[PDB]
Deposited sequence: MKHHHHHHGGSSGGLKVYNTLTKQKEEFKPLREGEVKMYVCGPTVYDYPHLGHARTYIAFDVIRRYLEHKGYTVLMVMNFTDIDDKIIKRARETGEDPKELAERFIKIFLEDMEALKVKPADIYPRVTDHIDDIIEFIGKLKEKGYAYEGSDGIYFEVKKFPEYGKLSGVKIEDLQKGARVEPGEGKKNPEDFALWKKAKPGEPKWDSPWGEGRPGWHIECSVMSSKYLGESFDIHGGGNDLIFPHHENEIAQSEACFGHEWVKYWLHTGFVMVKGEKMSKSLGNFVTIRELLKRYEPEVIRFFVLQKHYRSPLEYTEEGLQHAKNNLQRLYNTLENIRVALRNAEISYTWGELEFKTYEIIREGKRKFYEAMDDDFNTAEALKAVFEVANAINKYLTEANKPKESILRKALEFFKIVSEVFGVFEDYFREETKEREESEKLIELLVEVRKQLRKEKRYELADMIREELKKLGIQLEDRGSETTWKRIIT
């Protein structure tokens, strides 16, 4: 009956037990700030925001850390294309991303560590990796050696043999020596930049300790990004680093993966010009977070229509509460409605406890809404207690899913 989560590390559903009672330390991989956020970022971060909201709803104190990679080769390439500075562009798109997450009613992360503010910690981490023998120096930087970590391939399941101044093809850069014209920082191994995988591990170990509960990200990050993270962390610490791994499914456009490389990406700013943020949240939440999400305009229209139906139900409840009277007795209709509301709340909690299955939770919500509409149609004089219980259930739904916020604000 407890909350179970799907662990990608074991590829199975396990009962959720945090390391420290009453606290969930969750880390999610933030976006790379070089262009406007698209629907994949919205899907991933809305799913993890709903996970955070539900964990807080169950009584946990959630410390959520989302990194802000503000230096990368893609960022430098974009700055060179636009003739800007790789830092001004990063700051501008960090602000754009924060505004977009604020618009989508996503709760801001508790800490937003930046790479440029944690260079020394990364350098110390790479030095500690080198003194343990897990790193070597190449002609163009410091590289991590995969074969010295026997448990490589634990998360994704990719074998080393399949992967086969870098010694081995499967090795990866921990510190890259600087090219002329690009940003760089002083280091004992030469002036350069950090790698694309050391940053998240360094920030997570700095702000959450050597071990925390939940590491999150996109499904593409399973390999090589998160495998690199777990390899580096267990090489540096020698013990388990992340207890539960959560990955959101891909967003699909006409049967292919949504990404900026193929150019089939729709920005959040573009969607906001056509749909309300709660409509986008409902469209994201209509599918399980591990399942692929097919992006169609008809799907968004259907989500809009369903959200409008729920809005109409809430407005009808509000209107009926103006003339609702106290119940000195309950008929068969009142007991039927109460039973449906109670069963809907139980099914909502059961669905959210089953790997955050928001689809069944929405099914329960719609069952409760249909029952309330039937009760308001059939009851000659609506009872105040029934409407109050319905509003309590919808308030729980609002707190968990982040919808109906304007209705319950008033």
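Note to self: Missing C-alpha coordinates: which residue stretches of the deposited sequence does that apply to?
What the structure shows: Counting from residue 1, the stretches without coordinates are 1-12, 177-185, 432-490.
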